[PDB]
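See structure below.
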Amino acid sequence: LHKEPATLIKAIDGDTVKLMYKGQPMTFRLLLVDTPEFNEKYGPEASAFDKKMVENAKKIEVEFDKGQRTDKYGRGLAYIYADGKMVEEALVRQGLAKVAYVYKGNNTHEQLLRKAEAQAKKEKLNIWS
Ligand SMILES: Cc1cn([C@H]2C[C@H](OP(=O)(O)O)[C@@H](COP(=O)(O)O)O2)c(=O)[nH]c1=O
Ligand SMILES: [Ca+2]
C-alpha cells in the first residue's frame, strides 16, 4: 500500500472529508470505520475531531487499500493520514468511531484499528461509556 498526496478542501463530518485528489474535488469516506452522524450522540464530537486533524495538518495523504476505491455514491474509499497520523486510528482510539464496513479486499488495517477500539472500550470512552 502506498500514500498519495492530497489537499484539504473542507471538513464534512466524522468519517467524510472533501479533498483535492489528482486535482479533482472528491468526497472521501474513511475505510473501516463508522462515526455517528452529526445528529446523533458523539456526532458533533466526531466531526470536530476529524476537522481538527485535517485542518491542522501540514500534509494530508490518501492511501487506497487493494480492493475498490470508489463506493456506489462516488465517494473515494481510502485511509486518510494527517501528518503521518491515520485519521481512522485516532478516531477509534478516542471512541468516536467504531470499526465497521470491513470487507474482503479492503481490510489491511483491521487489526490495528481493532486494537485501538479495544483500548477505547476498556476506557469506557465516548461511544463505549
Ligand atoms: C466505508 C464504506 C461504506 N460503503 C457504503 C456502504 C453503506 O451503504 P448504504 O448507504 O447503502 O447503507 C454506506 C455507509 O456510509 P455512511 O456511513 O457514510 O452512510 O457506504 C461502502 O460501500 N464501502 C465502504 O468501504
Ligand atoms: Ca457514519
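Numbering starts at 1 and runs along the sequence shown. Every number for a ligand or one of its atoms is a count from 1 in the order of the listing. Both backbone and side-chain heavy atoms feed into the values below; hydrogens, waters and symmetry mates do not.
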Distance col, row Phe28:CZ vs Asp71:CG, nearest 0.5 angstrom, shows 11.0 Å
Salt-bridge test for [X] and [Y]: reply yes if a basic N is under 4.0 Å from a carboxylate O, no otherwise.
X	Y	answer
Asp34	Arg29	yes
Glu55	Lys51	yes
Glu61	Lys59	yes

Quick one: name the protein N/O/S atoms under 3.0 Å from the Ca ion (ligand 2), chain by chain.
-> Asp15 OD2, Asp34 OD1, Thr35 O
Is there side-chain contact between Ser47 and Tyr42, with at least one heavy-atom pair below 4.5 Å?
-> no
Cation-pi check, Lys3 to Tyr81: give yes when NZ or CZ is under 6.0 Å from the six-membered ring centre and within 45° of the ring axis, no otherwise.
-> yes
Without hydrogens or angle criteria, can the side chains of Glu4 and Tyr21 be said to hold a donor-acceptor pair below 3.5 Å?
-> yes
From CA spacing to verdict: salt bridge (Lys or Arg N to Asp or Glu O under 4.0 Å), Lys115, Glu117 = CA-CA 5 Å; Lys115 221 161 145 76; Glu117 187 183 84; over 6 Å; no
Quick one: table the atom pairs, ligand 1 N or O against protein N or O, below 3.5 Å, distance rounded to 0.1 Å.
unit_1, atom_1, unit_2, atom_2, d
ligand 1, 8 (O), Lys72, NZ, 3.3
ligand 1, 10 (O), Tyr73, OH, 2.6
ligand 1, 11 (O), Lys72, NZ, 2.4
ligand 1, 11 (O), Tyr73, OH, 3.4
ligand 1, 15 (O), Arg75, NH2, 3.0
ligand 1, 17 (O), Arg29, NH2, 2.9
ligand 1, 17 (O), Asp34, OD1, 3.2
ligand 1, 18 (O), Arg29, NE, 2.9
ligand 1, 18 (O), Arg75, NH1, 2.7
ligand 1, 18 (O), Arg75, NH2, 3.4
ligand 1, 20 (O), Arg75, NH2, 2.9

Would you say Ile12 and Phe49 are hydrophobically clustered, going by side-chain heavy atoms of ILVMFWY under 4.5 Å?
-> no
